[PDB]
Every structure is written in structure tokens, then in C-alpha cells.
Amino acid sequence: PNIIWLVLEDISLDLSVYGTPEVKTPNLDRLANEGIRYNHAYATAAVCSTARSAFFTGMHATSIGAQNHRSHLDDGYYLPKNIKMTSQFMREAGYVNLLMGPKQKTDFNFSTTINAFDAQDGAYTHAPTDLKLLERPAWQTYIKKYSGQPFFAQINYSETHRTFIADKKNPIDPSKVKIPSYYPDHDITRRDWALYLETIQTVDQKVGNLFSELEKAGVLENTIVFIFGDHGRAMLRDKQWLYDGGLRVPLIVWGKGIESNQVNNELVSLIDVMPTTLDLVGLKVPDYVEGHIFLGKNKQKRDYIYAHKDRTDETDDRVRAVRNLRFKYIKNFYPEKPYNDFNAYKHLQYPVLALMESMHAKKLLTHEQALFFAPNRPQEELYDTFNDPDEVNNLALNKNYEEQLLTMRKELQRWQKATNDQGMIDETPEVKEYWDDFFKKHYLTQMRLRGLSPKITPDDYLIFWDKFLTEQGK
């Protein structure tokens, strides 16, 4: 079978098929209903490079030294020889490996000395929906230079990363969207959210167009497709953080031989996609691989999933998470750091951060919304996600949950030792200072293009954000 990994950016379970109001996602809904829809799939981290380094190797990024977003780009650090890329396994089974889709990035926090792919095509701005992915160089090279070989293709879209784009074919009514309780119920929040869902509608159209191309090529009879987000949506407490908003992603498995109308509620981590793919194409998974096979007779159930947060751009941190089907455990190794520690990306791109800072100063946030704006953090957080799906009622200090807290604390310690978590080793001063310098130059370049002061007050910034949203179309 050919294998496709169709990777969406920065998206939570916000498709219509997952129960989300107002959004129109017919093509992804149809793929889900025609195959298996997963309700408990989790990335191992909540930004691009660490989620993607992980799922392309079947290993948590912390196990392979890739835990800092970004790092090891040009310093002679190579993936350890025992750790193979997905494409090395597929090459062994006779596959040709293709990098397709507008996002021609691997986002690895390491170099390699063999190519990750055999052929490739080449704030983001999303390209028109009428893209013809199969007429670009990766696919053209495949069909012309390779005969009788199955393909493994990673197809990366830029949606739904910011900047969000309007969908004037089916515009979304901001007053009707469902907002998590940890953002303010406010016009700014809802307009930004409406554009997020309209960006999902835009990529949904693109997925429909891809499948039209694939059917026309005649490859849909012997192709299995994994569709999944790299991590959760680009909203303030979701992306970069280890709550369900940052970790839980759509995951659909589809193709001839995959029975339709299945819904799966078992724990899956994105590092499971590689071993499951190997198993699907007849390969044994090496013992070193941390991911589990989640489909077929060889599946291995999980008791837990795990995730990490280490440096993110210039913002240093050290956070770990353990989740079973019911409980989320989070450990902040640096409790003295605020959650809202300076991050240029969040301040530059997220109108709701300005909104919440403005409202926090005026004492207008709800109790649940204000938790993110405390000056420091509890060392441990424990959430009963059955009774508290938005993870705003920390149970870690409630002695009635202490046995559960200690179980999960102990599991995190066991896991860190078994995987030799490399995020426990500080980065060098030269590296941290480099990225401090990098994101000061980026911040100021971007704030300059807007004519705003680097020290702009939240209320003045909101004037800008209202105009920005109006120009986006909401």
C-alpha cells in the first residue's frame, strides 16, 4: 500500500465531525466517517519542531535531543545512528519518499547525513485553495523516475497556522462559536476564533481538492492515509502548552481495507504513527522505538501519553506532562516563572493576549481566565478531564486526589529515567543568547512593520488588533 501522512498545522478537535458548531468541514468529516476517527490522539509537544521531530522518528523529542524549539540546526548534531527516520524504514521496504504540500519544511531539531525524502517540491500567508499539488516537482519526479515502487508521502499544509484567513464562501458568525472557558467571552476573542475556524474551512477545501487529484491519478485504491494535526490550535493557552488544547489533535485513518464508521477512544500519541505505518507495510518495529502500534492485530495499548515543553523560541521553560484517559498531570520544573513569560510570537500574533492583559489589569478576567496570568505556577497540576475538560480546576492540592497525583508523579519520574530525558540538561549560554538575539531582532522588525512601540500598552495594542481583524475580514 502507498502511505500518506497528511499533516495539518496547529489544529485542535475543531472539525464539524468532532462536534464543533458552525464550522463547515465536509471533506475531513467524510474521511473520518469513511474510516477510523480518533478522539484521544496527542502530540508529544505543542510546537512544530518538537512535535514533528518526534512523529517522524517514533521517539519523544527529549529522548533524541530535539526538545528545544528550535535547536541543532547547524552545529554538527546528527540524529543518533540507532534512531532512524521514518523514511529510512520505508526505503528499506522499497518505498520512495515524497515531501509534498505547500509547507516544504521538516522542522527537525537536528541535521541528518542522508536525505529525509527522495523527492520534494522545493506569520504565514495561506495560498489559494486551487493548488495542484500533484503537478509540483515531488509527485512529477515520482511518476516519471520511479516505476513499480509504492510511495510514502508527507503532505504538509500551512493551515491552520496564523495568520488566519477569511472564508467568504461560508463566513462564520462570531456570536455563535464555542469558546473555551479560559478565554474571555468577548468580541475580540470571537472574531479571532471565527477566522481560525474559517481557516479550517479553507484547508478542508484543499483536502477535498487533493483527494480529487489522487482519485484522478488512480492511487486511492491502494493508499492508506493518516490525517492529523502536528499539535493543537494557535490560541494563547493551547499551542506551546501541555493542556489538551495544545496536545490533542484530529487523527483519521482512511483507506481501502480500513472499515468505515469506526470511532476510537483509546490513547494514541503521535509517536505511534511511525510504528503503526511500519506495521501496516509489513515491517517489524525495532525494540528501541518508543511509539506503540495502535491498529491491527499487533496493536499495543497505552496506559499513558507524555509530552514536554522546553525552550520555545526565546522563552526558556521546563514542563512535563503525563496523561491517562481521565487525568492530566503537569509538572512545572521552574515554578517561579509565570506562564505569561515573554514570548515574541505570542505577543506579535495573538490578539487575545493583548485582550487578556488589558482585562487582567482592570480585574475583568474570570477566575478561570486569570489562572494563566498569575506571577508564578504551582509545581504540579492535576486535572480530572472527565469533570473538567477545560483543565481549569487544579486538583494537586486536594488531598482526596493525592494518591492519583503520586501515581502520576511517580510515572513521570520513571519515564524520565527510562528515556534519559535530555531536556534535563541545560542548553549552553551561547545558544540561549543567540535565540534571545534572534527574537529581539525578529520582534523589533515585526513591530516596526506595524508602526507600533515595542512597549505598547495592552489597550493601545487592542486598537491595532481591532483594525487588523477588520482587515482580515471579521
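Residue positions are given as counts along the sequence shown, with the first one as 1.
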Select one of none, 1 to 3, 4 to 9, or 10 or more to describe the deposited residues without coordinates separating residue 389 and residue 390. none
The stretch whose C-alpha atoms carry the larger average B-factor in the entry, 46-54 or 435-443, is 435-443
When mean C-alpha B-factors in the record are compared for 223-231 and 140-148, the larger belongs to 140-148
Per the deposited entry, the peak Cα B-factor within the set 332, 385, 129, 340 goes to 129
Hey, out of 307, 355, 214, 348, whose CA B-factor is highest in the deposited coordinates? 214
Which third of the chain does residue 60 land in by C-alpha B-factor: lowest, middle or highest? lowest
Residue 364 by Cα B-factor - lowest, middle or highest third of the modelled chain: middle
Relative C-alpha B-factor of residue 449, binned into the chain's lowest, middle or highest third: highest
How does residue 27 rank on Cα B-factor within its chain, lowest, middle or highest third? lowest
Taking the values exactly as deposited, rank residue 9 by C-alpha B-factor within its chain and report the matching third: lowest, middle or highest. middle
